[PDB]
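These numbers come from the heavy atoms of this one structure, side chains and all, not from hydrogens, waters or symmetry mates. Order of the sequence lines fixes the chain letters, A, B, ..., with proteins taken first and strands second; residue numbering starts at 1 for each chain.
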Amino acid sequence: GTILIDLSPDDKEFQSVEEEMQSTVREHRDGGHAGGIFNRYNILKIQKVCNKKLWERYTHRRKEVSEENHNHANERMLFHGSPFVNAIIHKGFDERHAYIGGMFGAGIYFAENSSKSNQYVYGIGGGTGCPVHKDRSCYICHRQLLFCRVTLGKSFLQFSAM
Amino acid sequence: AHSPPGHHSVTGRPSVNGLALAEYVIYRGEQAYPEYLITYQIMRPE
Ligand SMILES: C[C@@H]1CN(c2cc(F)c3c(c2)N(C)C(=O)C32CCN(c3nc4c(c(=O)[nH]3)CCCN4C)CC2)C[C@H](C)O1
Ligand SMILES: [Zn+2]
């Protein structure tokens with residue numbers, strides 16, 4: 001029951017989301033090994049993901065979390081790159097498919113830096129790169145990221161040496 | 001896995017790279033909604 005609605009580049013909502021993508025690119029200490037060498041994107045399409053049951057599932061949990069955290073859902077908009085983006089948009093996120101080997105425990109990972117999530121669009125560490133050219137720095141092939149509404153609630157602050 | 005006792009998520013905050021923004025972990029699929037699907041290319045630096 002997922003519907004994808006194309007946003008017009010003339011629309012302030014498109015421009016706003018593009019700006020979040022572009023403005024959160026950073027240099028990565030792998031020199032581009034995982035996600036490629038770039039300072040900016042060419043945004044080709046931005047689609048709103050509409051799914052009533054997944055949304056109600058999210059807002060139901062958001063309410064529980066809010067009530068457990070002095071009425072503060074601590075809701076953020078965060079990036080997520082994954083080979084399984086097409087499954088995520090139809091089936092939702094699924095903690096039975098958490099990232100087992102993530103630094104911060106087996107869970108579902110999100111990034112403020114769009115370019116961090118870009119490192120995972122082709123797999124862990126970029127996998128073997130784009131399917132057509134096997135190039136983690138492919139400038140030709142289209143990539144897809146999700147920009148997700150994420151409820152953090154009371155978030156455990158873990159400082160990492162990254 | 002489970003979130004820390006009494007917590008709903010983890011904030012992973014870089015303490016070495018000052019330009020690196022945070023990463024976040026949740027432990028229930030219901031705590032995220034995939035709101036926008038962004039199709040893009042990385043661009044070759046000029
Ligand atoms: C059976 C296996 C499945 N397999 C595979 C590949 C894969 F790429 C993943 C998974 C699985 N699973 C469960 C995932 O979760 C991820 C996807 C998303 N992902 C992620 N991690 C991020 C950020 C982010 O946007 N996405 C930003 C913040 C920092 N961070 C760590 C983590 C890796 C392919 C392999 C050949 O066969
Ligand atoms: Zn390619």
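Expressed to the nearest 0.5 Å, how far OG1 of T11(B) lies from CZ of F156(A) amounts to 10.0 Å. Here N42(A) contributes atom CG and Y40(B) contributes atom OH; the two are 12.0 Å apart, rounded to the nearest 0.5 Å. In this structure, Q158(A) CD and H7(B) NE2 are separated by 11.0 Å, a value rounded to the nearest 0.5 Å. The CZ atom of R44(B) lies 14.5 Å from the CZ atom of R40(A); values are rounded to the nearest 0.5 Å. In this structure, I38(B) CD1 and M21(A) CE are separated by 5.0 Å, a value rounded to the nearest 0.5 Å. Atoms CG and CG, from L21(B) and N113(A) in turn, are 4.0 Å apart once rounded to the nearest 0.5 Å.
For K116(A), the part sitting under 4.5 Å from any heavy atom of chain B is the side chain, from C-beta outward, and nothing else. The parts of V65(A) that come within reach of chain B are both its backbone and its side chain, each placing non-hydrogen atoms under 4.5 angstrom from that chain. Heavy atoms closer than 4.5 Å to chain B are found nowhere in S117(A), neither backbone nor side chain. Contact annotation for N74(A): neither backbone nor side-chain heavy atoms come within less than 4.5 Å of a heavy atom of chain B. Residue contact with chain A, scored on non-hydrogen atoms closer than 4.5 Å, involves the backbone and the side chain of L37(B) alike. Interface residue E68(A): backbone and side-chain heavy atoms are both found under 4.5 Å from chain B. Only the side chain of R26(A) comes within contact range of chain B, with heavy atoms under 4.5 Å apart. Using a 4.5 Å cut-off between heavy atoms, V25(A) does not touch chain B at all. For chain B, the nearby part of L7(A) is the side chain; its heavy atoms alone come within less than 4.5 Å. Contact of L78(A) with chain B is made through the side chain alone, with heavy-atom distances under 4.5 Å. Contact of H142(A) with chain B is made through backbone and side chain together, with heavy-atom distances under 4.5 Å.
Under the 4.5 Å side-chain heavy-atom criterion for grouping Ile, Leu, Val, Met, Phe, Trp and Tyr, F147(A) is not connected to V49(A) through any hydrophobic cluster. Follow the hydrophobic side-chain contacts under 4.5 Å out from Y120(A) and you never reach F38(A); the two are in separate clusters. A single hydrophobic cluster is not seen to contain both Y41(A) and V85(A); linkage of ILVMFWY side chains at heavy-atom distances under 4.5 Å, directly or through other members, places them apart. Cluster membership check: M103(A) shares its hydrophobic cluster with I124(A), using side-chain heavy-atom separations under 4.5 Å among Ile, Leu, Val, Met, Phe, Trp and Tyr. Linking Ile, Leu, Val, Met, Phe, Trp and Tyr whenever their side-chain heavy atoms come within less than 4.5 Å leaves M43(B) and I43(A) in two separate clusters.
Annotation for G105(A) and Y27(B): closest pair CA-OH, 4.3 Å, computed over non-hydrogen atoms. Heavy-atom minimum distance, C148(A) versus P34(B): SG-CA, 3.9 Å. Listed here is the closest heavy atom pair of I42(B) and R143(A): CD1-NH2, 3.3 Å. Looking at every heavy atom in both residues, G12(B) comes nearest to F104(A) through CA-CZ, 3.4 Å. Shown here for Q41(B) and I140(A), the closest heavy-atom pair between the two residues is NE2-O, 2.9 Å.
Ring planes of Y33(B) and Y58(A): tilted class, angle from 30 to 60°.
Counted within 6.0 Å of NE2 on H60(A), heavy atoms from surrounding residues, nucleotides or ligands total 12 or fewer; the atom is thus considered open. Crowding of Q15(A) atom CD: a count of heavy atoms from other residues, nucleotides or ligands under 6.0 Å exceeding 12.
Of the possible donor and acceptor atoms, one in the side chain of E112(A) sits under 3.5 Å from a partner among the backbone N and O of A22(B). Judged purely by atom type and a 3.5 angstrom limit, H8(B) uses its side chain to pair as donor or acceptor with the backbone of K154(A). When atom types are taken as modelled, the side chain of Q31(B) and the backbone of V150(A) share no donor-acceptor pair closer than 3.5 angstrom.
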* Carefully, step by step, assess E27(A) and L19(B) under the rule side chain to side chain contact (heavy atoms under 4.5 Å, CB included). => CA-CA 9 Å; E27(A) 280 175 22; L19(B) 304 194; over 6 Å; no
* To do: Please assess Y24(B) against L152(A) for the test side chain to side chain contact (heavy atoms under 4.5 Å, CB included), listing each intermediate value before the final yes or no.
  => CA-CA 8 Å; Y24(B) 299 91; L152(A) 298 179; 3.5 Å; yes
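Taking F79(A), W55(A), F159(A) one by one and counting their heavy-atom pairs under 4.5 Å with chain B, the maximum is reached by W55(A). Top candidate by heavy-atom pairs under 4.5 Å with chain B, chosen from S160(A), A161(A), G153(A), is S160(A). Per-residue counts of heavy-atom pairs under 4.5 Å with chain B were compared for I5(A), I88(A), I46(A); the largest is that of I46(A). Per-residue counts of heavy-atom pairs under 4.5 Å with chain A were compared for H2(B), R13(B), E23(B), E35(B); the largest is that of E35(B).
In summary, the side chains of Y36(B) and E13(A) do present a donor paired with an acceptor at a separation below 3.5 Å, with no hydrogens or angles considered.
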